[PDB]
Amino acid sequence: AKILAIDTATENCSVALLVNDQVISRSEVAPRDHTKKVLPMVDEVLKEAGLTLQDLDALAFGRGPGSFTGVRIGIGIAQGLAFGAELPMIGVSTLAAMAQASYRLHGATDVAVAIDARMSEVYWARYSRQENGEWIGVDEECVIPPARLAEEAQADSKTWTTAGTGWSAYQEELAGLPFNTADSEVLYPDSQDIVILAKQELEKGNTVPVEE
């Protein structure tokens, strides 16, 4: 179960490595650039483990949504390094990714992810931890102006723990629909969790090739 993940999707540049239920995580809440940090971290991660790229049996990545430039860049490195160790690959949703963090720290089964898209819109989904440890998609991945989100889907009555930067960027507007809600201390996805999501795609045989 040897997986190495990269994420470059939001403000947080992160790289982590699962080697048999032992996730050594690296993170950096990043700037205008990304390249300059992503390799050295992958190097750090691996030396602190004695693995090589061809040791790993999968290479995982934030597939987005998230920043256009950024989310491309990391996929670009994630291909680069896969190609050379002949690795299969695993794309992983930034949204569901943040749902896992919300379990990891808060033990929440009910997660509402809202990522601040640019120009007045929001990347949104909701997920729901099912018995297996998986996440039933309670709402499809969308991009919506939060206003419209509020008047669509009356949906349920449940305590959704809110994650990602949509929340703090459009309160006025996400303030408008009875779902129960809870603050989260979570802003961005992290490769910590991304791995643990990827670790179950393997066990479902759900990996692409290398040129996805």
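Quick note: we count residues from 1 along the sequence shown, nothing fancier.
- As the entry records it, the average C-alpha temperature factor is higher for 149 to 157, out of 149 to 157 and 32 to 40.
- When 174 to 182 is weighed against 66 to 74, 174 to 182 comes out higher, by mean CA B-factor as recorded in the entry.
- You'll see in the entry that, of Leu59, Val143, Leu51, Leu187, the Cα B factor peaks at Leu51.
- Listed residues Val92, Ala85, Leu105, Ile115 were ranked by CA B-factor as deposited; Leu105 comes out on top.
- In the PDB entry, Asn12 places in the lowest third of its chain by CA B-factor.
- When the CA B factors of the chain's modelled residues are split into thirds, the value for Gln79 lands in the lowest one.
- Ranked by C-alpha B-factor against the other modelled residues of its chain, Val138 falls in the highest third.
- In the deposited entry, the Cα temperature factor of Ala1 places it in the highest third of its chain's modelled residues.
- In this PDB entry, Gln192 carries a Cα temperature factor that places it within the middle third of its chain's modelled residues.
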